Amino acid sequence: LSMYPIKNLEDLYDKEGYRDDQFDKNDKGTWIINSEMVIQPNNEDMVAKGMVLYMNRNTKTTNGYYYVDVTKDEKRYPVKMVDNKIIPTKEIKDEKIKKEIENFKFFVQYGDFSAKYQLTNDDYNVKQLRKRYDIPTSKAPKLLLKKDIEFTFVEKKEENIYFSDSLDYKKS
């Protein structure tokens, strides 16, 4: 987690990950960057919000989608990513969706550092998440590093608040 933060996404275009015999030799590979806030308050609806981008190093173009996901006990919005900036490709009528996208940063852009940790609200990353999101709890989440970063706030089987962040590298 030394690299965190990568404030400019375009940097990623020039960083290579794990490749194998299966990997094409033509292919520079693709980055699959996903950040997701999940918030499930007690025995009501869960709403999960995030975004997925796809950074094809060959074309050096990036599209993906902002997803909103309510689920009892999924709407995607198509974005592209030019010049370290996420922009919507299908029209959005909603204003609150048009804005979260505009003010959206991936955790790798702002985050600053299996594995098992109990954090304080003095921690930097917990403060980053609280400021940026509307988190319905006061307690200091755990950190779960399996790349997969998770901050889990509340796990009770009747309510579940958590944040996950991944960066992955695949063939295109």
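Each residue number is its position in the shown sequence, starting from 1.
- Deposited sequence between residue 146 and residue 147: 10 or more residues lack coordinates.
- Unmodelled deposited residues between residue 95 and residue 96: none, per the record.
- With 154-162 and 11-19 compared on mean CA B-factor from the PDB entry, the stretch scoring higher is 154-162.
- Just going by the entry, 59-67 versus 136-144 on mean CA temperature factor gives the higher value to 136-144.
- Within the group 41, 111, 50, 29, the record's highest C-alpha temperature factor is found at 41.
- In the deposited entry, the Cα temperature factor of residue 35 places it in the middle third of its chain's modelled residues.
- Sort the modelled residues of the chain by CA B factor and residue 116 lands in the highest third.
- In this PDB entry, the Cα temperature factor of residue 126 sits in the middle third of its chain's modelled residues.
- Per the PDB record, residue ranking by Cα B-factor puts residue 85 in the middle third of the chain.
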